[PDB]
Structures are given as structure tokens and as C-alpha cells.
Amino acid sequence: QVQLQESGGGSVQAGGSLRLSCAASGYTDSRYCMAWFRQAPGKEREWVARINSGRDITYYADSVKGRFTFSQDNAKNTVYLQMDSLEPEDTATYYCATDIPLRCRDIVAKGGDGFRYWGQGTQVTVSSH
């Protein structure tokens, strides 16, 4: 059944950019909605972003609005979250979550976390100068 492909984390200089990546194989018709959370030291978990199964609606956390943006690859198989203008406060492990549209519909957009299928997490470390 559903297998997550989640990648892109690593080390970056503050003000730089970093593209996270998510996709999942096994869904009926490859149709699934998707969100990102992150876990930082010393804070609770924080919802980052959400895109729908049709990939034309995006909600972002106020905390990253104007900075983070979803795109898709040419082939349309994978979704990217482009993170620009990174600050040290964005140092965290990022995770993506997927589920079928029927369930996603009831998973609230900003914060809802009822997704069945998650990545193990990719870590992003944003150092200063």
C-alpha cells in the first residue's frame, strides 16, 4: 500500500533557499492531498502548509506566508515546497502527510492532522553567519 517519498532537508545559510519534496505511491488514481508539519527543539509541533489533491489550492501558516510556495514537477508526479528567505527559527524536522480526498475533506486545512500516511521526517538546519 501507500509509500511516502519525502526529501530535501539538510544545512543552509540563513537567507538561502531550500526545496522540500513529497510524493506517494499506492493511492487510487494517484489522488491524495498533502500537508507539511515541522517539529523544532523547544516548541510544540507547528503546521506549515497544505495543498489539495487537485493541486490548485494552498493554505500556508501565517508564519511562512510569502516565503514558502508549493510547485509541481514537469511530469506532475512530485510536489515541491520551495522555502525562501529562511531564518534560524525555521530549523526543524519537516514531515509530510497524505491521505485520500474523501478523508482530506474533513481534515481541517490549517492545522488538521488526521492524515493516515506520513514521512519519517527530513531535517533542516538554518545557521546564521
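Sequential numbering from 1, following the sequence displayed.
>> Test of understanding: from the entry's C-alpha B-factors, which stretch has the higher mean, 91-99 or 64-72?
In response: Of 64-72 and 91-99, the stretch with the higher C-alpha B-factor average is 64-72.
> Comparing 73-81 with 49-57, which stretch shows the greater average C-alpha B-factor in the deposited entry?
Replying inline: Taking the mean C-alpha B-factor of 73-81 and of 49-57, the larger value falls to 73-81.
> Of the three thirds of its chain by CA temperature factor, lowest, middle or highest, which one includes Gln5?
Replying inline: Ranked within chain, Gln5 CA B lands in the middle tercile.
> Which third of the chain does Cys33 land in by C-alpha B-factor: lowest, middle or highest?
Replying inline: Top third by C-alpha B-factor.
> Which third, lowest, middle or highest, does the CA B-factor of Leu20 fall in along this chain?
Replying inline: Tercile = lowest for this residue's CA B-factor.
> By the record's CA B-factor, is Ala40 among the lowest, middle or highest third of residues in the chain?
Replying inline: For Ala40, the deposited C-alpha B-factor lands in the lowest third.
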